[PDB]
Structures are given as C-alpha cells and as structure tokens.
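Every chain is named by a letter (A, B, C and D) in the order it is written, and numbering of its residues begins at 1.
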Amino acid sequence: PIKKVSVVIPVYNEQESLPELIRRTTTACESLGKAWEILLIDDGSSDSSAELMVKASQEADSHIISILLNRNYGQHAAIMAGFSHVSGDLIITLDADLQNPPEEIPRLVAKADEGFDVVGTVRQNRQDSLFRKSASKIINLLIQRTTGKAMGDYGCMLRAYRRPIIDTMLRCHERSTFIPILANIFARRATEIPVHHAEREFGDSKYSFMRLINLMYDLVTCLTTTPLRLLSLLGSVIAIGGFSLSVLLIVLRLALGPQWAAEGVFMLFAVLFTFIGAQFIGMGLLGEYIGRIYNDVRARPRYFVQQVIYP
Amino acid sequence: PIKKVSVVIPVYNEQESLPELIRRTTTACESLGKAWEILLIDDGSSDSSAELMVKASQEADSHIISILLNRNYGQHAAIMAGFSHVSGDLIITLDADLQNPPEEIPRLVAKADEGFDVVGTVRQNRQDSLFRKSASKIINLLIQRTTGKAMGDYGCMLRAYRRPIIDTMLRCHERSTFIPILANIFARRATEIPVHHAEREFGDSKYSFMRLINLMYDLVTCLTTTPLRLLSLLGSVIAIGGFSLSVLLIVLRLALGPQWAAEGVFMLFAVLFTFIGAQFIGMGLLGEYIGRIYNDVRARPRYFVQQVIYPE
Amino acid sequence: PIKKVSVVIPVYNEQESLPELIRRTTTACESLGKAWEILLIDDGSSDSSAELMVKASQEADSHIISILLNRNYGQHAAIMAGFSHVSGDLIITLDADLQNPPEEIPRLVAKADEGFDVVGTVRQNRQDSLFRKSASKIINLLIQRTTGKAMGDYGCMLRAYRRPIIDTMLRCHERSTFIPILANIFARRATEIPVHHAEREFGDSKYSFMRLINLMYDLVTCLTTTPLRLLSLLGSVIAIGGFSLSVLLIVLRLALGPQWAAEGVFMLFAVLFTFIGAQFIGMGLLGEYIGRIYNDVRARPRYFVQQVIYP
Amino acid sequence: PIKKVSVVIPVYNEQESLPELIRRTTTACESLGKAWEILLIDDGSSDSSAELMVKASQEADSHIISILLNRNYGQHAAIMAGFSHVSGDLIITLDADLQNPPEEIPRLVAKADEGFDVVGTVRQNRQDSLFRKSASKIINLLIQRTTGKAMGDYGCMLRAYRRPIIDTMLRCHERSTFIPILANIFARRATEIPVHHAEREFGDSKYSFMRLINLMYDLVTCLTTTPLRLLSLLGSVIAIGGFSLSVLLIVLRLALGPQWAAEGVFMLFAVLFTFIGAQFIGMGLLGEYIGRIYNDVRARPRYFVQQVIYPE
C-alpha cells in the first residue's frame, strides 16, 4: 500500500545551496505525481539557515515542515528528530548540500512499488581518502560478515523507509544509533540500486577528524560486541608468549648460569608479561559481560522471523 | 500429566541428510502413537534448505511447521524462536545432522511419564578433541560446583522441557542465553539417561573455533558471575605475594648490601608486582558491580518454589 | 493499625532443633494473643527437613505454611521468598536454630504498637572472632556514615517489618540484597531494643569462609558505590608519587651523573609507575560510571520525604 | 507569560543565619509585588533546623512550605525534591547561608519577563582556592567546548527555571544529576547576569574535599562521556610512541651492539610500553561501551525542539 510520501532532509549551515535544493526537490516530487511532504531539520545552524526555514514555512502551497533544534545533536540525531514528526509513509532521507542528486527520488519510490521494505543506493564513482576507502572496504566486509548479508554503501544516506520500520526504530531504547544499519536490522525485504554521485559544489565538508572518528566509532559499536572478544584473544596471545619466554629462560637457567650477563631480572621480567597477559584476559572477561549488558539494555529483538508455514 | 507432544529441531544448511532425518523422525513419532507435531527452524541457511522446508510443508497430512528466519542468529536463538510457536507439552530438542539418534525420542517421552520436568541425555562414548574433552570435564565440574547438582553433559542438545518451564524461559528478558543451563536452573524434577552417539556422516559440524569460544564464553556468563570474584582472589594472592617479597628483599638489603650488584632493581620490581596485584583488585571490584548489573538487567527470578503447601 | 501477624523463618538442615523451635514459637505467639501465622522456608536442605516441613503441614490447627525451594539460593533469598507469600502484616524474621530467643517476639510486637515501621534488635553479649568483631565495628561506622543514622547490629536477623515496606522491597529490581539494610533505607520510623543472645546448641555454623566473604561483600556492594572512588584516589596517590620520583631523579641527573650506578633504568622506571598511576585513574573513571549505572539500574528512590507542611 | 512564582531553597544545618534569610527573602518577595511562595528543603540537618522550619510553618500568612527528608541525600537531590512539590512557574534556587544575596531575586524575575527559559547568574569577584579557580576555568572551557555555548559559572546555585523545563527534569530517570548543567542541556532560551558575592558570614561551607571531588566527578559524568574517548586517544598515543621507540632501538641494535652494555632491557621496556598502550586501548573500548550503557539507561531524549513550525 502507498499513500502520502514524506522526504526528511537534515541541514547544518547549508543555506548557500538551500534554495536550489528546495526547487529541485519540489520539481522532482511534482514530477513523481504522488502527494508529497518535505521536512527539513536544522541542527542548530550558526548562520541564517533557520531564517530560510521560516521563509520557506511562510511561502504558501509549500509542503515544507520547518523544524529547528536547540543544539547541534549530530546528523543521525537530526534524521531521528525528523523521524519523530513523520506523516504518511515511504520516508525519504536525503543529503543536505546536494551530494546526492534529488532527481533520483521517484526511481526509489518506483522501486518502493516493488514491495521492498528498505531501499538503498549503491552511490557509484564514490571518491574519498584512500585510507578511508580501505576503512570503508574493511568495515563493509565486517558488516556483511556480522549481518550475514552484503549491503553496498553504508556511508550513503540516500535511503527509503516504510512507516512500520520507522515506528519500530522510534520504539527502540537505543541512543546514538546509525540509521541505515539499524533499518537493515529491522528489514523483511531490502534492495539497493546504483545512483550517480556528485561532489559538493557551494558547501564544504562538515565532518572534521573528531567527527569522522565519532561517526565510524559509533557505527562499529552499534554493529556488534565482537571487538571486546578481540581484547581477550590478544590477552591470551600475550599470556602464552610470556609463558613460552618463562619456560625458555628456565631452560637457559638449566644451561650456562649467566645468560646475556645477569638474566636474573629476565626470570621475573618474563612473568611480568605473564601478569600483563592475565590482566588483559581479565579485561576480556569484563568486556564480554559489558557486551552482554549492552545487548540486554538495547532491547534488541532475539529472532526476527522472516516467514512461518502451517500444514 | 502428558498430552499432545511437539518436537523442535534447528537446521542450518543440513539439506544433504535432511529427508532421511524427516523420514526417521516421522517413523519414530508414529511408533510413539501419541499425537505429535514437528517444528523445523531455519537459521537463514545459504543453500536450498528453506526450499525443502516448504516442500515438506506442501506434503499432505504433515505435522511439520516450517519457520524461516531473516538471518543466521545462532543455534540457541533458533531453539528459543521455535519455543515461541510451540504447541502441547514436553518439548524435545533434536539435531539437524542425525548426530543424536532420533529413534530415542519415545524413551525420553517414556521417562516423561515418570514425572521429571527436565529429561537430559548422557552422551556415551562421545569423541572430540582431547583438549575439548578436558574443557568439557572442567566446565562440568564448575557447573556441578555452582549448581550443587551434577549433570552429565551440558553440550548435548537432546533434552526434554515441559510447557511451564518453556513458558518460564519465554518470560525472561535474557538475550544470548544457554537453553539447557537455564532450564536446569529453572527445574523442579530433573533426570538424565544414556543414549548412543553417531557421527555427522554426510553433514559437517558448523561450530568453528571462534564459534566454540563464543558458545563456551556464553555458557560461563549465563551460568554464574563467579569468575570476576576469582579474578579478585587471584589479584589478592599476587598482591600479598609481592608485599611479602618486598619486605623480604628490604630485610636482606638491611642485613647486607654487597651480596649482589643490582638487587636495588629487585625491590623496584618487588613493589610493581604489588601494584599489578592492586590493579587486579580493581578489576575484581569493577567486575562485581558489572555482575550486579547483569543480575539486575536479566531480571532473573531470585527464588523458584520446588513445592508449596498451604496447611488447613 | 494491627491485624494478622506472620512470622517468616528460614531453615537450612536445622531439623535437629526444629521441633523445639516450633513448640517455643507456637507458645510465644499463643501468649501474644493476636491471631498468628508461621512460614518456614527450606533452602534445599539435604537431610529430612522437608519431611518435617510436610509433617508440620499435615498437623491440623497449625498456622505453619510449609514452603520448600528447588535450590540453595542463599539465606537472604530465602527470607525474600518467604516475603513473597506473606499474609496479614508485621512480618517477623527469625533465625532457624534458636540463636535468637523466640520468646522475645511479643516485645517487638508490643513496640510495633508504638508506631515504628522498623523494629530491630541490639543483640547484646554478641561473641565472634576478634577480627570479625573489628570488621563489624568498622562496617557499622561505615554504614552509619553513609546512611547518616546509626543502627546497632547489622548481622542480627531478628527484625520486624510492616506490610507497606515489605511490598516496597518486593517491588524493587535489586537482586542479592541485604534485607535489614534495605529495610532501613525504606524506613519512616525505625527503632532498636536490646535482646538476649544464646549460642547455637544442637546446630553448627552454616557460614563457611567463602559464605562469609560472599555475605559481607554483598553487604558492602549493596551499601554504596563509594569504594570505586577509593580506587581513583589511590591511583591519584600513586601517580603523584611517580611524578615526585621522576622530578627527584631529574634533580639527581642535574647532580652527579651516575646515581646508584646507572639510574637511567630508574629514570624510565619512575615513568613506568606514572603510567601505572594513569591506568589506575582510568580504572577510577570507569568505576564511577559503573557506579552510576548500578545506581540507576537499582531504581533506588532519589529522596524519601519524611514529612511536608502546608501553610 | 509569567504567573505565580515560587522560590526553592535547600538547607543543611544553617539555622544560625536562617531567620535573617527568611526575613530578607520575605522582604524581597513583598517588594516584587507578584504572588509568591517559599519552599525550604531540609536535608536531615543534625541541629534544630527542622524545628525552625516548623516554627515558620505555624507563623500566620506564611508562604513557606516546609519539607523534611529522612536523611542527608545531598544538595542536588534536595533541590530536585523541592522541584517535586513546586507550584506556579519561574522556579528560583537560592542558598541557605546568604552567600548569594537574595535581594537580587526580582532582577532574575525581571529578566524572566524578557522570555529566557533559563536565567543564570555570573558570580562576579568570586574568591576561592587558586587551584579550585583553575579547576573551575578548565571545567568551564570543557563544558563550553562540549555544549558549543559558553556559560559563566556552573557552580552558582542561583538560577531560574520555567515550569516546562522543570517538568522535563522531573520526567528523567537520571539519579545523581547536576541541575544547572541538565537545565542548560534542556534549554530553549538561556541568559546570564552578574550578581554581587558575599561570604558565608556566621555559617560555614559544608562542601569538604571529598564532597568537592564527588560533586565535580558528578558534573563531569552528567555532562558528557568524552573522557573515556580521551583515555582511548591517550592509549593510542602511548602505543604508537612505544612501537616507534621499539623499532628505533632494534635499528640501533642492528647498527651496533657494543654501544651499551644493557640496551636489551631497553627493547624489553619498549615492548611493555606498547602493552601498556594496548591496555589503555582496552580501557577505551570498555569505557565507550559503558558510555552507551549510561546514555541508554539515563533515557535522555536524543533531540529537543527549539521551535517547530507547521506551514499551512
């Protein structure tokens, strides 16, 4: 079933390209022909972006819904705040400074007619720092390993959500979540298509080094509790290494008395590493319990049954 | 009292031997004579296993109830997802590659007539990695120490649960639990019987080294919070040992100075070990609070009544 | 207001003195004159204690309510399990093997008529290990410091609770709690009286070294989250000690070159202590956050207003 | 819009200067001319402070509403307990020993006429321990960095809150919060004004060294979870430094061997530095997870709307 469509867009000091964005979005949604609404979310922009929001609000026959926040909460928080005041169904989330061509929105909607609950974009010809490209590849393989299904582009925010799934993510107790991955978790039928990607024209990058670390750290912590087990494994490796050094130095003690001058300090020094190993494995044990606590306080569903058959 | 019985079996990419498993389970249930249902749970198998589930569905007069998941959650999650859509009573959990002979299911049901709420299986002549056998023995002694009652083999998925106990597991908020251990905790009358063991045959084992570590960490976390207190005790031992060595070395220093050349650094090391021990103590204290958090978030019923009498 | 009284007693392999305990409790409650009920809780006793429970249940005109558990849960858990099936009001909790003379129960009830919500026993002439007496004194001063009121005897289990407060502790999300201290937390009007203490006659001590550590460790963790801050303080002390040693060795470097032969190892070893200190303060920071988590997951009330006055 | 106003004041053993405080507050409220109420909150004061509360109660035509607690919970808990039984709007929090002149209360109320939801006080010419002044400056720069908006002095209890915002704090499950910081987080329109500062005079300060450490740790935990990520960054720096030293020392060893006698222990120390760094990384990972635990157990509303418009 398809009804009133709503497109939710964040914005953060992007008033330079904003009027062109509004014109292109209006043209695309009018070309779609289905009844439409627009919800722009201001994340406490410094400049006169809220002023343009109010100006768009005053303009009659505009389906814009102006919402501005008291604080820069983070983008994902802004998409979620837009999710709070959704109307109709088939929520469309789009970039602010036209990094994603809005003209593609009907195609997603068209593919939304196929029946897929989640619609994603490949976003081909993506360009970034080569180290960041390698990080994207490794996190993509990690997320497809953990989830058991491959999803092309995580960083792309051009996505479509149905009303039931957006309600489901409204209900969840999670804070500081990653919208695409959480939506993919609550998916019955998902798909992805390629779309053209264009560089930022008037606007500049609003993701600093600290913001980059925060966003992919948030993504990795929202993904799984696996990395804590890695700490336990590293501790186990260090402990076995320390024990091997201890037994080798016992062999040396059985051998010539002075090894590398006085190896006496070495006799305790190696077991210091053993103690370090022990402390690391202790960290691992704590980590696993913390992981469990996290898995229980998120109230993540246990099984999401795809289908059931009776005789 | 015993009624309509249903058997819940997980599956993950076991279509190779699956039709023979279905035939043997149907034959065993028909030989039992009691009204029966079968529930296969697919954990998002890669191959055409869901296809065989649907094919069994269309088969006329089938008691199969095929349930398909959206992803590979893991085994215990699949058993509990099957537990969600159970009917009747005396739920029996089997394997997907005939490692446990299904022909033994009436015997459990027969012992279910005795009145035991949990009926476990002693796996006889079980063969595995000798290190893994030693790990099984140490976990068995740990669980019998903690529970105060010894049970044969926790690892066996062949087990029997009554409807009240399965409801008890259904109520809890605990994510990533171990079904047999939790059932043993929430038990009124438990027993165990020996059963023959067979290999995977055509099928292969799916539990890898990482999956083995994950599951045994899961079971130790689900059983008790004791190991954090064990860490605190180990830290206490290291701290007291370090302090004793420190005082002995300072006594030797006061007794004589020229006995060694660099014994000074020995006292320098003698304190840092105490620091390391003290650091472990911190771990212990931290751990205990997380223990409570765990005990507080899982919402475990503190007491369960074995048998209540109201005199009048 | 006063109605049907109930006395809840745990038991754990104490069938040797059990019949005499039942006779004395029945005599005392009959002497009280108020309508009475008795609830004995078996903590999975090995011997034929459940057999005596059933025998007492079969005996007509007995207000005993026989409840036995599937597992040795711990005593406090057994008192809580008795708390589950309470009837009437003024719950009386008593020791099993007559360490506390039951003949004093009406006096508590008599003082319960004064209006105090919580009734405690001093339990004078208490005898135990001198180290354990010192531990009792220090934990008593700690609990009176933390709570801001003094309460005589924590280890004494002869206590009286009203129905509202027992309902309050039933409602709480806490697991493995300490009944007397938790009751004192939810107190509007509390009091304590001295009572005679008698040694165990037929029964032996059922608290081993491991059980002793478990019980007072449970008490201290249920009391406050203060001990985690002690970790941070000791980390700060070790860090400042390491920094002092580092600056003294810099002074020595300014002084004669070789101090105690080669002090370069000392130079780096001081900063090793510095790193250890830093790690300990990290421990402290984690500890504080865990403390907060514990305080919020317990759902402990924030203020318990004693009284309000309007103009 | 501004209506009936109430002033909430904590107290803990401040009966020495209390009658003068009550007289000055009554005079200031009468000079204001708006309908007014006073709520004193006693945090289980040892001396006869509750007695003076009751005596003020019996006093005819008094707007005082005396509330007495069963124990010394602490300050912030007492302010929020007073927040429980508030009436009207524009709640003002004062001090119990006249350190902040009550005569300034109408000015806040006057600035409350401007429309600001939060009205804070700049405590001018404030004097304290120079180390504590430096601590105040560093916490101020930290909070203005995290919030993105600079506020004068967090430590001042003289502040103004509107009824919607006080309801917002009343709704949250957070135990042991810092009221001014939380109010600044849940703010629509905030401002600050300078006010004269006076000493405790007859009264003494109640915040001891342990209480100071407790409160500033409370405020840093209530503000942000940043310091755990700072610990992870410090660990990363130590790890990379240790690895660099290790590779430099092995390069020097390959270049020459007889340059030193015991350079071996140098590499031995270098690797354990890397281990220490890794341990700090472990702290970082754990603390981040605990951060999430903190965020989702406190149930903070992720977004708050400054101003919503529905075009039509």
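The rule is short, and it goes like this: contacts are C-beta pairs under 8 Å (C-beta built on N, C-alpha and C of every residue); 3 or more make two chains touch, one makes a residue touch a chain.
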Notebook entry, point to check: What whole-Å value do you get for the distance between chain C and chain D if each is reduced to the mean of its CA atoms?
Noted result: 33
Item checked: Mean-CA-position distance for chain D and chain B (Å) -> 46
Next item on the list: Pull out every residue in chain D that's touching 2 or more other chains.
Entry: 262, 265, 272, 279, 283, 286, 290, 293, 297
Note to self: What's the contact topology between the chains, one of line, ring, star, complete, other?
What the structure shows: ring
Checklist line | Contacting chain pairs - touch in the sense defined above | finding: A-B, A-D, B-C, C-D
Notebook entry, point to check: What does chain B use to touch chain A in their complex?
Noted result: 44, 53-54, 57, 61-73, 77-78, 80-81, 84-85, 173-176, 213-214, 217, 221, 225, 227-228, 231, 234, 238, 261-262, 265-266, 269, 272-273, 276, 279-280, 283, 286-287, 290-291, 293-294, 297-298
Next item on the list: Show which residues of chain C lie in contact with chain D when the two form their complex.
Entry: 147-149, 187-188, 229, 232-233, 262, 265, 268, 272, 275, 278-279, 282-283, 285-286, 288-290, 292-293, 295-297, 299-300, 302-311
